[PDB]
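Alright, here's a single protein chain in two forms, structure 1 and structure 2, each given by itself as structure tokens.
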Structure 1
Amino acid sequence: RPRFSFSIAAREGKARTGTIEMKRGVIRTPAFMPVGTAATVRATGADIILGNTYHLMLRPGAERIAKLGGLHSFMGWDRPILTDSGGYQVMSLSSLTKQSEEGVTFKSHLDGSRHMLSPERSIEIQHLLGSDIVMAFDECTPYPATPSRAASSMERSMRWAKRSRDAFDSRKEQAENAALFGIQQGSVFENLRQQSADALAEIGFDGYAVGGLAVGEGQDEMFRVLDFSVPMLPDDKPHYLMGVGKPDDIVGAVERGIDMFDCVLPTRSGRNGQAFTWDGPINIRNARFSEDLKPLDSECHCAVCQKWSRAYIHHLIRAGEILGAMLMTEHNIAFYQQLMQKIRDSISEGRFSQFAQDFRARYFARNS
């Protein structure tokens, strides 16, 4: 198996389907990558899972993870793992941070503990986590952002991407066995996105992420930015849209050339009473489901829908049994994998344009 080899098997318009080959296995694209957890079927399973680096840094700690054999041991998962850099928390926790060109220092804890992130430390932490795909250390620019703020943020992130590249290359075990992605920034501004894409391609990366979206901008604006930003990235390398998104977000992003996705929505929705189906999202707490004998989705092949009716899950949640939210979450994660499979099939068949139209017609009709 090669270190990192992206092959495109078929194309339709801007959409692609293919595979990323790595030493720990193959990732079918377009891919959805769910967040991995500590260790406690196939049609609903992922090819790669994610480590939330900031969380792991604080609990139980990167060195403790490394001593127990890295995230593959911790998560009981021998296939590829992608770790984030911390660049999202640089934004989302900004009021607890002090930023400089060197990096981001977080406020001291009450026990004197203090955490810092930089291009060098983020790569080191991702190495200690045993990550197969390493993200450059960036700043997810806040939204909305003035052109001035967006530009200074993006320029600093491009300097951090060069430092991330060099740090990664300085560790022979990491450079020989893992891969490194650069992250495009530039907010919603075309010229800044172009400058960011130019800077990343000069450095050179194994894959390219579209950063700074899924920060509250809304689908129309997100699609608009993807319309001009994705063609700026190298065509023959993977494109990873960070944080996106709803099922219809994912379909339209694939239509605009995205190959990889992650999103908090399957788990956040599942714990808040929302399930994704081919007929759109459903709020299982609605009284219409109190005697609905059907599974959450009548096509879904996941383990939950083989066993559990809408009525059961509705009453579990109403009765305060946490099993209700677990089932919603497990179904949502599995539904996302079936969506990606239908997307990949349709591109391979040369019918992706028709799939996207049929998908949207049924998803938005809400005849659940």
Structure 2
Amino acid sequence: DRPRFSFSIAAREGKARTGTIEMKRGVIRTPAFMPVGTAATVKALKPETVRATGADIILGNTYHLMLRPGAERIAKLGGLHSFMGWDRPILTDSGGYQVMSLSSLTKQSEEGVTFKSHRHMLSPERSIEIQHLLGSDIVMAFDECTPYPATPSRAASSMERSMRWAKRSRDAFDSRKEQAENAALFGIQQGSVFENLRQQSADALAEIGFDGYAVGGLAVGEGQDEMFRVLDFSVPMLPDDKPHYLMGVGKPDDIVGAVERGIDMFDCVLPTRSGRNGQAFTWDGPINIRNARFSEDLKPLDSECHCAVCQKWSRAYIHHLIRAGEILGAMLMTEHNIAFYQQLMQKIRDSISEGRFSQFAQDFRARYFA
């Protein structure tokens, strides 16, 4: 039987790593892309389809689920895995990021955040409890994602609060025997774009001790150049022997560059959200299938993609479906986009394992941006 949590690194190239996370509910191949759910579902896909694309783990949506149908109700029905029919690992975010981005009126304090549903409270203790009620396998500490840009003073005060909340998250998780024995807990580094604050945050998280370490506070408007600059110094501050999770990233080129900088795990709504809006990812860059140039194009979305959509249906058909507002259009676009992301991760893993990831990154960028 698998352990509660074990991360093993099988091969390395520069800062990039490939390996596996073993958990009770399954193995996660890294670098990993984790598709993101909306309301106990990955949009427009059955769980068997999500698995068929190559996903080893998905994200649940703590913020949506605590409001509807409610975390207690999901627990009463047997937990999120049973409820939605996904029996493999699930990671849950801690909810505050989405509260601060989506909620109408927020009130923040040392205790947590109160907010009005689009009233509810969210504290480190309540966040960990909700994630337990959902039955999450990878639990995120409750943090504050500092807005960008932030002054050094405000970034420091925010990061300091997040580190106090990280300790409260650790203690809440450890107090609950079933959660501590069966799930894993990740800490989230903050500190905005400032190296000294990123270092203080990394040091605080390592002193507490976590199963994995996320880089928080990025993909919040700073742009790729700045994100990469912050990753350059921030990832080496985290424990080398634990997974590194870049939250909310990102486009294919963001993922490649982040792996070059030591990131092992990614989540992003982009492939699911933008597929419904007509954007399809291809090795030659994204296309918008709604464009009239595809109305009679009999080729698949991408000429090399191995997914079931590209084996069966044409650009012309999917163009028509999306233009007509048909549900099958969203289903096919979403399956292809998630499958494309998984094929990207597989090429990344294979190229690191073979010591040719730097060349893969160069070749990928030349063709994707040609």
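Rigid core (definition): largest C-alpha set, two forms, superposition within 1.5 Å. Throughout, residue numbering runs from 1 along the sequence of structure 1.
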Any chance the CA of residue 63 moves 2 angstroms or more between the two structures, core superposed?
no
When you overlay the rigid core, is the Cα of residue 93 off by 2 Å or more between the two structures?
yes
So, superposing on the core, is the move of residue 323 at the CA at least 2 angstroms between the two structures?
yes
Displacement in Å of the C-alpha of residue 287 between the two structures, rigid core kept as reference
2.1
When only the core is superposed, residue 314 shows a C-alpha shift between the two structures in angstrom of 1.4
